[PDB]
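Chains as they are written, first to last, in PDB author numbering: chain B, 2 to 217; chain A, 2 to 217. Beneath this line is the structure, given in structure tokens, with notes to follow.
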Ligand SMILES: Cc1cc2nc3c(=O)[nH]c(=O)nc-3n(C[C@H](O)[C@H](O)[C@H](O)COP(=O)(O)O)c2cc1C
Ligand SMILES: Cc1cc2nc3c(=O)[nH]c(=O)nc-3n(C[C@H](O)[C@H](O)[C@H](O)COP(=O)(O)O)c2cc1C
Ligand SMILES: O=C(O)c1cccnc1
Ligand SMILES: O=C(O)c1cccnc1
């Protein structure tokens, strides 16, 4: 039951450095990142999946100094995913999405294809020119992906933790993201928790529905 | 299996208005909204769950003008969730979260509780005072919740569609959100697709992982 999963998952505070994902699980986590939905199917994202110790070290540089509790989590875990957002929306990226939709056989005619591209241009241009929010709007889609991912990995029976506690500037420069047109937003170490994870046996806490939720 | 679910879910273009959530399902979707994770467990969110004809109509007012093709989706679905973000953060909201954690028994001492509050203040204050990004940061958490929700509902065997195509100004005023300190971001009709959902029988399209994903 997916509710069981939601009610039992937690942010892992410590991972077992000897516990690695199976080859199949590593396939599955990539599938989840890929198939997240997104406004307009714009998919405005890059993922860095670090599974080597050298790889994870490069990511963990972003936590050295000020985020050092995040460091252990990034280094101990089997796989560390950096979620990145496109910085500006390029008409090349919109073309590449609609051509992918076409290749997959989503459009019955070229009329259908041109109409999809036109719609996508309209909203994308609205974010950039009008609302001046295209970076933010693209970042929101990455956070949607994160939410999808966390539940997904929890349902696979894997431990994870979302981390905003890292230096985006450091991690960007470590992978040359600014120049490729990306920016790191969230790091998600994935694996199996150790006996040092105090949060594994703590009760979940949420505000009551009568505060957060109106039924009409 | 959750990967099956991720691969099979779709954005529903038309719902069957006769097909209601069971009373149990209506409780389950509320559970998912509440138990989404968030940075600092800040839960900077409100939900409107519209299940009456009256209620859905009030939401569908937001799909005036350019957003007309949203309207059907909002009226025909069994349940329609408006995801709202807090507009600025109040110290009252941070208190209410830490008091909730305490009531749920997450802290062994007052030292534990005071240190959690102070940590939450540190990052929260960083967003408002330094980065001037607290609105955006709270909205990002709401989108994480949306991602969690869409997969969750899909795992329950329910259809849904995320909608950014609505008039947030109209929906806010309809529900007096500005005055209560919220703003609508995403509308998610939930129910069962009809045979007129053209998207139910189309292939899923995503960019290939050789574009989106770097393994290190
Ligand atoms: C975007 C995001 C950022 C987070 N950053 C951190 C982090 O830097 N360090 C950490 O220990 N937990 C982090 N968390 C975990 C949260 O504190 C956690 O989701 C929240 O307290 C709810 O608990 P749960 O995830 O165990 O249900 C983050 C959560 C989210 C959603
Ligand atoms: C934030 C968000 C906003 C969306 N808004 C709309 C919308 O207003 N109308 C619509 O029909 N679909 C909307 N979509 C659906 C997307 O087009 C869909 O998620 C994407 O094409 C991928 O297809 P799938 O959800 O079937 O996998 C939205 C998706 C997201 C993530
Ligand atoms: O994905 C869509 O079709 C979409 C996204 C934003 C606004 N209107 C439509
Ligand atoms: O939730 C946390 O633990 C958190 C959030 C932001 C930054 N550092 C920690």
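Even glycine gets a Cβ: it sits at the ideal position worked out from N, Cα and C.
- Taking the Cα positions, residue 100 (chain A) is about 21 Å away from residue 182 (chain A).
- With a contact defined as Cβ atoms closer than 8 Å, residue 85 (chain B) and residue 178 (chain B) qualify at about 6 Å.
- The three-state secondary structure of residue 109 (chain B), taken from DSSP, is coil.
- For residue 40 (chain B), the three-state secondary structure derived from DSSP is helix.
- Boundaries for residue 162 (chain A): no alpha helix (DSSP H) harbours it, and the DSSP string shows neither H nor E there.
- Taking a C-beta distance under 7 Å as the contact criterion, residue 74 (chain B) and residue 162 (chain B) qualify as a contact pair.
- Those residues having their beta-carbon less than 6 Å away from any non-hydrogen atom of ligand 3 are, in chain order, B:40, B:41, B:124, A:165 and A:166.
- Within chain B, 50 and 52 have C-beta atoms less than 7 Å from the C-beta of residue 216 (chain A), given in sequence order.
- Residue 46 (chain B) is bridged by DSSP to B:86.
- No Cβ of chain B is located within less than 7 Å of the beta carbon of residue 19 (chain A).
- Comparing C-alpha distances from residue 30 (chain A) to each of A:10, A:81, A:60 and A:18 shows the shortest one belongs to A:81.
- Within chain B, the residues 137 have their CB atoms less than 7 Å from the CB of residue 137 (chain A), given in chain order.
- Here residue 95 (chain A) is actually not in contact with residue 131 (chain A); their C-beta atoms are around 17 Å apart, not less than 8 Å.
- Non-local beta-carbon contacts of residue 171 (chain B) in its own chain, meaning distances under 7 Å to residues more than five positions away in sequence, involve 62 and 63 in chain order.
- If you draw a straight line from the Cα of residue 174 (chain A) to the Cα of residue 138 (chain B), it is about 22 Å long.
- Put simply, the CB of residue 171 (chain A) is far from chain B, with every gap to its CB atoms at 7 Å or more.
- At least one CB of chain B lies nearer than 7 Å to the CB of residue 203 (chain A).
- In this model, residue 112 (chain A) and residue 122 (chain A) are separated by some 15 Å (Cα to Cα).
- The C-beta of residue 192 (chain A) has 16 or more other C-beta atoms within 10 Å across all chains shown, which makes the residue buried.
- In this structure, residue 37 (chain A) has its beta carbon at no less than 6 Å from each heavy atom of ligand 2.
- Boundaries around residue 183 (chain A) are those of the beta strand (DSSP E), 183-192, since no alpha helix (DSSP H) includes it.
- For residue 76 (chain A) and residue 190 (chain A), the gap between their C-alpha atoms comes out near 8 Å.
- Distances taken from the Cβ of residue 63 (chain B) to the heavy atoms of ligand 2 include none shorter than 6 Å.
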